[PDB]
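Residue numbering for the sequence shown follows the entry's author numbering, beginning at 1 and increasing consecutively. As structure tokens, the structure follows; a few thoughts come after it.
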Amino acid sequence: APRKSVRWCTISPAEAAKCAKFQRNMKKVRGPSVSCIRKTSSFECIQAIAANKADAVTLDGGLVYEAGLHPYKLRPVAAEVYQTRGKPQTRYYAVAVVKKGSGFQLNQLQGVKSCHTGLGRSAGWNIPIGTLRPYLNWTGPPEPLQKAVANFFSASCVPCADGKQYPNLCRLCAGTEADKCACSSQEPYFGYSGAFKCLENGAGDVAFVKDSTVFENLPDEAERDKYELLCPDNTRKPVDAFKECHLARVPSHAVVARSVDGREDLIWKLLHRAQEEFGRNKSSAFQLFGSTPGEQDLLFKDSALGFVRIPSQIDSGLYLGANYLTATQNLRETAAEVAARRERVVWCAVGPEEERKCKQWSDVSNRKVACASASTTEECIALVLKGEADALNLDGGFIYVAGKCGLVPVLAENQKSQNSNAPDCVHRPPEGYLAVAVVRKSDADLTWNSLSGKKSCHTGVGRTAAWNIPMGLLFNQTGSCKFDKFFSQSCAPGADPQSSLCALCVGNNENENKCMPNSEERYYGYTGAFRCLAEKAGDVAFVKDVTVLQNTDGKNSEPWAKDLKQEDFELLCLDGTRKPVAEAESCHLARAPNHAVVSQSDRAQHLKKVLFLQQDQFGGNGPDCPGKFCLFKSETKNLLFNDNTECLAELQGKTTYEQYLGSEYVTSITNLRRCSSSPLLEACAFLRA
Ligand SMILES: [Fe+3]
Ligand SMILES: [Fe+3]
Numbered sequence: 001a002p003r004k005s006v007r008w009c010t011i012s013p014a015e016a017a018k019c020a021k022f023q024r025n026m027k028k029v030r031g032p033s034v035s036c037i038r039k040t041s042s043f044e045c046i047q048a049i050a051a052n053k054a055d056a057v058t059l060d061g062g063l064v065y066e067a068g069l070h071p072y073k074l075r076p077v078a079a080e081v082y083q084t085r086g087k088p089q090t091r092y093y094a095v096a097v098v099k100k101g102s103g104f105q106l107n108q109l110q111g112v113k114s115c116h117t118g119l120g121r122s123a124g125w126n127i128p129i130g131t132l133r134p135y136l137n138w139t140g141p142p143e144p145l146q147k148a149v150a151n152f153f154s155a156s157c158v159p160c161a162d163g164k165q166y167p168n169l170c171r172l173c174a175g176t177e178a179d180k181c182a183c184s185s186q187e188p189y190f191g192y193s194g195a196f197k198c199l200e201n202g203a204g205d206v207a208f209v210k211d212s213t214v215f216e217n218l219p220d221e222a223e224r225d226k227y228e229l230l231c232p233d234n235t236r237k238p239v240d241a242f243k244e245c246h247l248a249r250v251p252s253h254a255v256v257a258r259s260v261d262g263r264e265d266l267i268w269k270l271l272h273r274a275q276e277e278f279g280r281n282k283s284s285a286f287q288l289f290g291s292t293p294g295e296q297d298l299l300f301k302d303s304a305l306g307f308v309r310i311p312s313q314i315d316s317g318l319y320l321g322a323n324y325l326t327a328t329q330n331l332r333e334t335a336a337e338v339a340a341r342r343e344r345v346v347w348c349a350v351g352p353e354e355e356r357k358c359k360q361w362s363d364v365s366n367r368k369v370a371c372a373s374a375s376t377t378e379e380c381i382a383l384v385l386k387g388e389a390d391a392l393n394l395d396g397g398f399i400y401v402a403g404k405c406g407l408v409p410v411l412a413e414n415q416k417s418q419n420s421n422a423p424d425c426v427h428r429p430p431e432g433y434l435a436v437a438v439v440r441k442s443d444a445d446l447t448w449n450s451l452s453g454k455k456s457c458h459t460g461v462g463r464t465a466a467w468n469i470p471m472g473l474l475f476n477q478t479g480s481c482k483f484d485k486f487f488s489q490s491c492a493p494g495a496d497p498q499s500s501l502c503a504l505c506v507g508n509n510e511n512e513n514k515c516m517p518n519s520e521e522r523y524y525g526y527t528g529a530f531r532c533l534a535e536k537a538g539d540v541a542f543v544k545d546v547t548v549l550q551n552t553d554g555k556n557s558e559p560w561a562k563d564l565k566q567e568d569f570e571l572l573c574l575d576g577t578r579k580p581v582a583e584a585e586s587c588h589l590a591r592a593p594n595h596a597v598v599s600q601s602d603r604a605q606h607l608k609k610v611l612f613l614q615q616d617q618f619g620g621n622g623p624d625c626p627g628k629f630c631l632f633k634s635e636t637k638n639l640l641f642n643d644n645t646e647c648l649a650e651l652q653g654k655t656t657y658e659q660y661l662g663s664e665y666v667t668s669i670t671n672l673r674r675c676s677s678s679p680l681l682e683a684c685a686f687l688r689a
């Protein structure tokens, strides 16, 4: 029944003391118990935590990064909320503070004395240094970055810096004998406030700190006017102009915990109790976000408003985001490596077969396109959000998830439409496809209204033509969110492996990976869903009209298809009627949006360019199409793109997911969520908040 205490790791005597005061006032409040371990630096608590010596530590975005690295694999449990001068935020701006009448601009720091919050931190290191890499004249990774910074600045205070090999990096630090340059508040020049005093005491000429730092130390506007900010456009703006004059906007500090057995619940209960009891003016007996004057930011960021629980899927990579990850990873990669990445396009293939095809595409493109892979579509989208992949073609259904996560539709799939297949395609207005409900003509007893208790074959959960459209219509007539109970048994890759929805799925050939939402599952997709109906594993298949047309009448000669005939199949019309597969225009459940390639709005324009070239060479009229590679063909397996894609067209203005998918379908997808939500969709609610 009983649950133990959160062991909090401290990095200095001042911090231990604060922690003890915290543990003490916590038990006096008859609230969750705390304990305080004692290590000498945040890097040490990362280590202490991963080895189960401790359980929690607040870390700056930059150390979150290091903490998540492989040997430790820690994850951000709770994110601090801050000032903002307006709306509280889980982000902040890194800025460069200098005194007035110093003269230099951002591009003239060579030879300046500089004060840093500490080695590895967002505003004090990762951000300023990545901004000045271009003036560092640094080989790249082989040669230690500290050797570069040490040669650029005349002397500095970068706590946690190697003062033995690079003493210029520790030179400005005031600290006693071995206190000097310490990676804790022992070194008076450590932290936002430390880097500030190092500036204000004339030890350094520029301070790399947070946007609040100046105001936290100079409560009087008259004092602040003796200071300015170095804007990345080589101008100097007042300290209150950080919104315009910052080197970057980084994610807030965060309480990190082990990925496995980290006791996130214990940690959250503790922190939730702490804000309520000792946060913003709650108490007077103890203030959580307040520290002694000698040393600031003890255990937590002084004057933070509180914390927000970080959902569970979120790891450090997603917590930090592409923009931050890239810049951090960039300080550990060569110039040739960084530029290489920026010029290629990394596609995210879902499952084993798409990856092979992607491999072909990479080799055949001379590496303009490289690949990244994952077992499911959500995983790929996360990859796009971490910045490890650049794009992927998605179904209307996942364009929604993608759009809720801030990704935008770049170009759309235009199936070999029919009017005039001249160069109309790239500018032909995308026209969608009809989602249909297919059944064997044989089973004539079956009508839309007798689906209850029947068996179902679905392309996948989350997908338009299958899932979203039928389930949307059904939820309207049954009023029930019990989706696994309408159809007696079903195959809907992506569902709970032990629920009826995964009952008719077959996995790969040796029957493994049953229900996986990727090609391994033979019943996955439009093709698989139709097959499920054909091999009589299910009674109704939710696919698009064309799927039948492409696998009957021998067009698909795979054994199971080979002998099929479009006559053996009929469609279920919403009005209880039944029309041949050809009458779909008057017998469909809906008109869906074509799949679309998505990426960060950031990479969209490049992505477009590489894609117009790639498809001009291997597309529908690709000269090297039959010859060396066809981007839109894959033997009826619809890998990477649908096999009937004529080309990837323009959006006709529909550049946001809402515009693209349209109002109705976006709404319809929202009603369904009343029943079920996804972990990615939530991780993103937090991140894009
Ligand atoms: Fe920071
Ligand atoms: Fe679809």
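Note that the Cβ used here is the ideal one computed from N, Cα and C, for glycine as well.
By the Cβ-count criterion, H458 is buried, with 16 or more other Cβ atoms from all chains shown falling within 10 Å of its own Cβ. Taking 3 residues as the minimum length, the beta strand (DSSP E) runs contained wholly in the region 422-448 are 433-440, in order along the chain. With 16 or more other Cβ atoms inside 10 Å of its own Cβ, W125 counts as buried. Closest option to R463, judged by alpha-carbon separation, among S365, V666, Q329, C358: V666. With distances taken between CA atoms, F641 lies nearest to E353 out of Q329, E15, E353, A335. Judged by their CB atoms, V598 and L394 are nearer to each other than the 9 Å cut-off. As the crow flies, the alpha-carbon of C157 is around 27 Å from that of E221. Bridge partners of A78 according to DSSP: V255, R309. In this structure, the beta-carbon distance from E635 to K416 does not fall below 9 Å. The alpha-carbon separation between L218 and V95 amounts to approximately 16 Å. Residues with their Cβ less than 5 Å from any non-hydrogen atom of ligand 2, running along the chain, are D395, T464, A465. When C-alpha distances from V64 are compared across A51, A54, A79, the shortest belongs to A79. Contact between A685 and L589 does not hold, since their C-beta atoms are separated by about 29 Å, which reaches or exceeds 8 Å. Runs of the beta strand (DSSP E) lying entirely within the region 193-253 and spanning at least 3 residues, in chain order: 206-210, 227-231, 235-238, 248-251.
The criterion of a C-beta distance shorter than 9 Å is satisfied by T58 and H253. Bounds of the beta strand (DSSP E) holding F569 are 569-572. Sorting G387, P409, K386 by C-alpha distance to the C-alpha of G397 places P409 at the top. A Cβ-Cβ distance of about 11 Å is found for the pair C371 and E388, leaving them out of contact under the 8 Å criterion.
Nearest C-alpha to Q659 among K404, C170, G528, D484: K404. Residue environment for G554: exposed (fewer than 16 other C-beta atoms within 10 angstroms of its C-beta). In the structure shown, the three-state DSSP call for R591 is strand. Around the C-beta of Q296, 16 or more other C-beta atoms lie within 10 Å, and the residue is accordingly described as buried.
DSSP, read as helix, strand or coil, puts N414 in strand. Annotation for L407: no beta strand (DSSP E) segment contains it, and DSSP assigns it neither H nor E. Note: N393 is bridge-paired with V597 in the DSSP secondary-structure output. Annotation for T58: the continuous beta strand (DSSP E) segment containing it runs 57-59.
Taking 8 Å as the cut-off, one finds no heavy atom of ligand 1 near enough to the beta carbon of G321. Between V540 and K454, the CB-CB gap stays under 9 Å. For the 9 Å CB-CB criterion, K243 and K100 do not form a contact. Boundaries of the alpha helix (DSSP H) harbouring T328: 322-330, taken from the DSSP string.
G130 has its Cβ no nearer than 8 Å to any heavy atom of ligand 1. Taking the Cα of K482 as reference, the smallest distance to any Cα among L501, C231, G494, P497 is reached at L501. Taking the Cβ atoms as the reference, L564 lies roughly 4 Å from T552, within the contact range of under 8 Å. Bounds of the alpha helix (DSSP H) holding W560 are 559-562. Distance from the C-beta of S122 to the nearest heavy atom of ligand 1 is below 8 Å. CA-CA distance, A592 to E431, rounds to 9 Å.
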